[PDB]
Every structure is written in C-alpha cells, then in structure tokens.
Amino acid sequence: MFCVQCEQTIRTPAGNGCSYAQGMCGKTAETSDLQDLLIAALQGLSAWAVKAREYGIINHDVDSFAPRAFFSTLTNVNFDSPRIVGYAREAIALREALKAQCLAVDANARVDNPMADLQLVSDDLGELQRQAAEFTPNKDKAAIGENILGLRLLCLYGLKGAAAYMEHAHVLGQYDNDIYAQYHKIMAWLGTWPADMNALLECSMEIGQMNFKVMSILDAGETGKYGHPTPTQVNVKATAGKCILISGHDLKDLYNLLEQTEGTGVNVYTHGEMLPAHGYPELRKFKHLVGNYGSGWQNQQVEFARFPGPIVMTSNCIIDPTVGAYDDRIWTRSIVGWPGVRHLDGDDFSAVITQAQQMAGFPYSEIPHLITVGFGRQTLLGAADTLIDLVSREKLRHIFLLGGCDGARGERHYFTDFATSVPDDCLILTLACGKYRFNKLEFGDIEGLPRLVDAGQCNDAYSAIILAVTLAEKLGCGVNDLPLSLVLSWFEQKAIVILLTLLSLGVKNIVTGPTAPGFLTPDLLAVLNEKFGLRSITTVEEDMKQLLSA
Ligand code: SF4
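Residues numbered from 1 in each chain as written, not as in the entry; some residues may be left out. Heavy atoms only, no water.

- Header annotation of the entry names X-ray crystallography as the structure determination method and lists the resolution as 3.61 Å.

In structure tokens, the structure reads:
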C-alpha cells in the first residue's frame, strides 16, 4: 500500500508517503491498494476511449463516467472498498462495451490498443482480490528515478483534482468533449507507466491548462444553475429548531435538500465547502437555510457529533464517522463513501428529513454573528476598477490571497496569524476551507470594500485567477507585476491541480504551506523553485515583509 497525495501523509526524514497498514486519513491497505487497481482499470478505459482514432466517435457515458470514478480514489472522498471495486467493475464493463463499438470497424488494425493497462480484466472477492500490488504508483520506486516518480505522481494526483472538478461540473450541468478528449489522452498516457522528466513537467503544465478549461465550465454551471453570487452575510450561529447540515461542494444537493425541506420547518445548515452556497441568489432565496455551522473539514469529528440533526456529505472531506458516534445520521451521497454509513442515492432527501425530525435540533438561537461571503466571479470583476482606484490612491497597499484547504496540524496557525497581521491597508482574497482559519475574526474595510473578501470555494480560484487577469489587463501590466502575492494552504488533489493551473498561468512566487507535498523531493521542489520560484512558507513575519516590497 502506497499513496502520498494528501498534505497529511506519513512525513518522515527518510521518506515521503503512507505505506504500512493504514492511511493517516483512515484508508486501509485494502482500499488504498484496491484504489490502485481502480486507477489502472480507469486508465485502460481511457486508452480505449482515446479510440475515436479517425472518426471512431465518443460515448458520453464513458467520458462522463471516467472522472466520477477517478474522483473516488481521491482523499477523504471514499473509503468503502466494495464501492471502489465496483467502480472498477463498470470501468471495465465500458472498456469492453466500448471495444465492441470500435471493433465493428476495421478490427483495430494490428493492435486494438498498445497499452500497459490493456484489457485488465478481474476475478472477484475483496481481501483475496488485492492483486493491485502490480499496479501501485511506485512499483518501480528505485527501478525509476526518484525525481521522475515525484513529477509522475504530481501529474496523476493533479489530474485527479481536475477530474473532481470535471465531475462536480458535470453534475451541475456542464461538460465539454474537447476537455474529455484531453482527459483521456492524459489519463491514457499516465496509464503507460512512463517517466521522461521533460514530458512529465510538460504534461503537468498541460493538466494546468486543461484544469482551467474545466474550472471554466464548472464556474459556468454554478452561475447558470443558481445565479451569480452577490455579496452576502451569513450567520454562523445556531438558530431555533430542527436541522440537517450538509457539507461538501455540490450545490445541486443543497437546492434539492432545500426545496424538499421547504416549510417542512426543518432548517438547513451548511459546513465546510458548502458555505459559499449562501451567496448564490437562487439558493439564498430559501428562508430556511439559517446559517453555517462549525468550521473546516479537519474537525467534522467533534462538531458533527455536537450538531443535533443528520448530516449529508455532498463530497470530499469526510472522515471516520464512527469516532463521533454520528454514523447512524451521516448520509454519503454521489461518490462519497464510508463503509456501513448510509449512502443516499436518488434525489429524495425525505429519508434524512424525517430523520432530522426525530432528533433534537437546537434549543434556541444564539445572539447571532455574521461573516461575508460570495464575491462571485461576476461580483469580483465588479470590484476591480475600484480595487485599481484604491491602489491608485495608495489606499490599497497590496492584495493578499490567503487560500486553499484546511488541514489538522498546529503548524497551520501560520495562516491565521498571517491573516490578522496583514496590514490594515490591504485586502485578503480568501477562497477555500482554510477560509475557516481566520474567517470568523474581525477585519474591517478599506472605504467599504471589506478587507476579508471571500471568493467562495476551492474551485473558485478560477474566480481569483480571473480577477488578477482583469487587474493585469487594466493596469497595462502582467500577472505578477500586480501588487498581489499568493499564500496558499493545501490539502488534496484539487488543490494540487489549482497549483498546476496557477503555475501554468505562470504566476511565479507562490507560497504553499504548511508543508509542501510528499512526492516533491528537495531536488524537484527546488526545480520548481527554478522555473517558478515556488517556495514554502515557514515564518509569518519574514514572509510578510518579503511580500509587501518591490
Ligand atoms: S489519503 Fe493522504 S493520508 Fe490517506 S493514505 Fe492517501 S496520502 Fe496517506
């Protein structure tokens, strides 16, 4: 068992990632090995899906399936082993079903597909299954250059994050077929174990390109489904009676859970990456979504435990529910999976509504306290020519992007401290669950424009990127001539992929912490420090000064 995709892998002097028996995040050898097999099935599929060789044409099913499956191998998404084997099941079903369509035409020359992952068919039963040992991401650990492995992983791990966005784009109603072609090529090529440090870097930038396309399209879905987030204040206190809290990234599930509970008199609370839902007008319309509860995925355990009603996990950042003994009342949706905790497929929430009604709910409201959220792609560009004014009257000193995931380690204090200690004459543009790091602390404004400007969700770095571009557009300059640096936090594959696209956009002088990834060797991350000056955090006061100045 070996993977290292999260900011929280095993972290040791010798080596990088989690091997051993279990993950740090609760995945077992079983899963994390089975997940490897699913990735291999998946990669083969994608190689046959690259099979519109001249005009072999495309099946939306395969296209639209591949990300959704890959998404399950993601961190804190899925830890139920059967589910994962089953994703592999139907990957191969469609590789085979796919093969037939092309095979009625020219009998695939000499080789239908020259592929490592090939047909990759499999035998049955889980424990006795795990022959995925042949597929682990580092079977050639020392049989390939260690720096080649690092680029390789950051290429796959990265693409993973992109697929998450492809899906929770798709689901919100949008895809593109050229993107799908690019997905499959990249996945197909990653299938074939190959490692050429030149093309790994160069196909780690192209993932960046693609990820932007798809974040393009996913910000396209959110705006079109539920409006353009306009700036909006959210209560983070508890209120009144019975409640269901919904966590994760899928706005669809909240719009449904909202209609279904419409005047049922049970209330909706968001948590984690569901916060920025609140800014969306066709979603904030509801009088029952009361507030937003708790903070940061890193502590579901002790907070979900305290929340009266049931919890609905839309996607990602789920951990072991057994600890807080709330496993009866967590409902995994979509591709989220945890063994033995109820999975709610279908768009019928009434199961969990009635469950919410059985429970305590809240005993009162607390004296409320609101934060401000939903600086939309739209509403951010709204700000720009006033950002440029404020800067152009030495009112706005420089803009700071405190961003990316929350994790668990105390070393994350950095982000909180960084944020308060940003000087009183410059903005924060935050955008992720690490928003929760400094999010409820007091910030003030610069002439009305709030100093803490939430942009929404990890997936909304696309918003942040686009603000910068329109600032560079406007100030006749270039993206890092801009008076903004980026001090991003990170935890999983989506934030890897945002780093890729940020790098691919060519934004130089990024500051990931609170540590840098497990598969980036001091060599390699020094190569990134060659090409893009990407440096780690480690110190709040130093890094403040470095960044303010010319
Ligand atoms: S998800 Fe992260 S913590 Fe869990 S096994 Fe994989 S790398 Fe380790």
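The discussion continues.
### Here's the deal with unusual backbone geometry
Alright, step 1. Here the residue pair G513 and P514 is connected by a cis peptide bond, since its omega of 5° sits within 30 degrees of zero.
Alright, step 2. One can find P514 in the loop between α14 (493-504) and α15 (524-531).
Alright, step 3. Positioned with a positive phi, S334 is a non-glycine residue whose angle comes to about 60°.
Alright, step 4. With respect to the helices, strands and loops of the structure, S334 is situated in the loop between β6 (330-332) and α10 (350-358).
Alright, step 5. According to the relative accessible area criterion, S334 is partly exposed, its value standing at 26%.
Alright, step 6. The backbone of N509 sits at a positive phi, close to 85°, despite the residue not being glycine. (Helix = DSSP H or I, 4+ residues; strand = E, 2+ residues; numbered from the N terminus. Buried < 20%, exposed > 50% of the residue type's maximum accessible area, 1.4 Å probe, protein only.)

### What about the packing of aromatic side chains?
One pair of aromatic rings is described through two measures. These are the centre distance and the angle between the planes.
Alright, step 1. Following the criterion strictly, the structure yields 17 aromatic pairs and no others.
Alright, step 2. Over the aromatic face of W48 sits the side chain of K51, whose NZ or CZ is 4.7 Å from the ring centroid.
Alright, step 3. Over the ring of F70 we find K160, and its NZ or CZ is 4.9 Å from the ring centre. (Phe/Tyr/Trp six-rings, centres within 6.5 Å; stacked < 30°, edge-to-face > 60°. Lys NZ or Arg CZ within 6 Å of the ring centre and 35° of its normal.)

### Brief notes about a nonpolar patch on the surface
Alright, step 1. On the surface, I10, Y20 and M24 cluster together into a nonpolar patch covering about 390 Å² of accessible area.
Alright, step 2. Positionally, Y20 belongs in the segment before α1 (29-49).
Alright, step 3. On the basis of relative accessibility, which here comes to 73%, the residue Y20 falls in the exposed class. (Patch = residues over 30% accessible without salt bridge, like charges linked within 9 Å, V, L, I, M, F, W, Y side chains within 5 Å. Areas by Shrake-Rupley, 256 points an atom, 1.4 Å probe, with all protein chains shown as cover. Salt bridge = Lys/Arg side-chain N within 4 Å of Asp/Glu carboxyl O.)

### Quick look at the UniProt feature "binding site: [2Fe-2S] cluster" in the chain
Alright, step 1. According to UniProt, the "binding site: [2Fe-2S] cluster" feature falls on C3, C6, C18 and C25. Across 23 residues, the annotated set stays spatially compact, with a maximum C-alpha separation of 11.4 Å.
Alright, step 2. Checked against the element boundaries, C3 lands in the segment before α1.
Alright, step 3. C3 gets classed as buried once you look at its relative accessible area, which sits at 15%.
Alright, step 4. Leave out the neighbours within four places in its chain, and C3 touches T9, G17, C18, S32 and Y157.
Alright, step 5. Mapped onto the elements, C6 comes out in the segment before α1. (UniProt positions renumbered as here; feature names shortened; annotations may be inferred. Contact = heavy atoms within 4.5 Å.)

### With respect to α1
Alright, step 1. The end-to-end C-alpha separation of α1 is 30 Å, in line with the 30 Å expected for 21 residues at 1.5 Å each.
Alright, step 2. Along α1, 20 of the 21 residues are buried, which leaves the element largely enclosed by surrounding structure. (Expected span 1.5 Å × (residues − 1).)

### As for the site of the ligand
Alright, step 1. Taken together, 13 residues surround the ligand, and among them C3, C6, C18, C25 and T75 come closest.
Alright, step 2. Partitioned by chemical class, the residues of the shell around the ligand number seven nonpolar, five polar and one charged. (Near = heavy atom within 4 Å. Nonpolar A, V, L, I, M, F, W, Y, C, P; charged D, E, K, R; others polar.)

### Digging into the sheet that holds strand β2 (residues 243-247)
Alright, step 1. On the basis of which strands lie adjacent, the open sheet formed by five strands has the order β4-β3-β2-β5-β6 and parallel pairing. Two strands lie at the open edges of the sheet, namely β4 (289-292) and β6, each paired on one side alone. Neighbouring strand axes in the sheet, compared pairwise and without regard to direction, differ in orientation by 25° on average.
Alright, step 2. Bridging between strand β3 (residues 267-271) and β4 involves three bridges; their strand directions are parallel. Bridge pairing in β4 links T270 to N292.
Alright, step 3. Across the sheet, α10 lies against β2, β5 (311-313) and β6, angled at about 130° from β2, the strand it touches most. (Pairing = 2+ DSSP bridges. Axes fitted to C-alpha atoms, helices over the stretch in contact; angles between N-to-C directions.)

### Brief notes about the environment of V62
Alright, step 1. Note on placement: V62 falls in helix α2 (residues 60-70).
Alright, step 2. Residue classification places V62 among the buried residues on the basis of a relative accessible area of 3%.
Alright, step 3. The spacing of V62 and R329 is 267 residues in sequence and 33 Å in space, taken between C-alpha atoms.
Alright, step 4. Residues within four places of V62 in sequence aside, it is in contact with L45, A49, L94 and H184.

### What to know about the UniProt feature "binding site: hybrid [4Fe-2O-2S] cluster" in the chain
Alright, step 1. Under the UniProt annotation, "binding site: hybrid [4Fe-2O-2S] cluster" lies at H249, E273, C317, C405, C433, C458, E492 and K494. Separation in sequence by 246 residues is not matched in space for these annotated residues, since their most distant C-alpha atoms are only 14.0 Å apart.
Alright, step 2. Following the sequence through the fold, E273 ends up in the loop between β3 and β4.
Alright, step 3. Leave out the neighbours within four places in its chain, and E273 touches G248, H249, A432, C433, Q457, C458 and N459.
Alright, step 4. Structurally, the position occupied by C405 is in the loop between β8 (399-403) and α12 (413-420).
Alright, step 5. Apart from residues lying up to four places away in sequence, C405 is in contact with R412, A432, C433, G434, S489, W490, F491, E492 and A495.

### Some words on the pairing of strand β13 (residues 484-488)
Alright, step 1. Counting buried residues in β13 gives five out of five residues, a clear majority hidden from the surface.
Alright, step 2. Burial along β13 is two-sided: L484, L486 and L488 and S485 and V487, pointing in opposite directions, are all buried.
Alright, step 3. Of the strand pairs in this sheet, β8 and β13 are connected by five bridges, and their pairing is parallel. Bridge pairing in β13 links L401 to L486.

### Section: the pattern of salt bridges
Alright, step 1. Considering all chains together, one arrives at 16 salt bridges under this definition.
Alright, step 2. Overlapping salt bridges bring together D389, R393, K395 and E447 as one network.

### Regarding the domain arrangement of the chain
Alright, step 1. Annotation of the chain at the domain level lists domain 1 (29-224), domain 2 (232-358) and domain 3 (377-548).
Alright, step 2. Using only C-alpha atoms to locate each centre, domain 2 and domain 3 end up separated by 29 Å.
Alright, step 3. Listed per partner, the contact involves 16 residues of domain 2 and 17 residues of domain 3.
Alright, step 4. A buried area of about 1,300 Å², summed over both sides, lies between domain 2 and domain 3, and 58% of it is on carbon and sulfur atoms.
Alright, step 5. By the criterion of area lost to domain 3, the three top residues of domain 2 are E273, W297 and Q298, representing 39% of everything that side buries.
Alright, step 6. Inspection of the domain 2/domain 3 interface yields zero salt bridges.
Alright, step 7. At the boundary of domain 2 and domain 3, one finds four residue pairs in polar contact. (Domains from an automatic or database assignment. Buried area = accessible area lost by both parts, 1.4 Å probe. Polar contact = N/O pair within 3.5 Å; in protein donor to acceptor, adjacent residues only side chain to side chain.)

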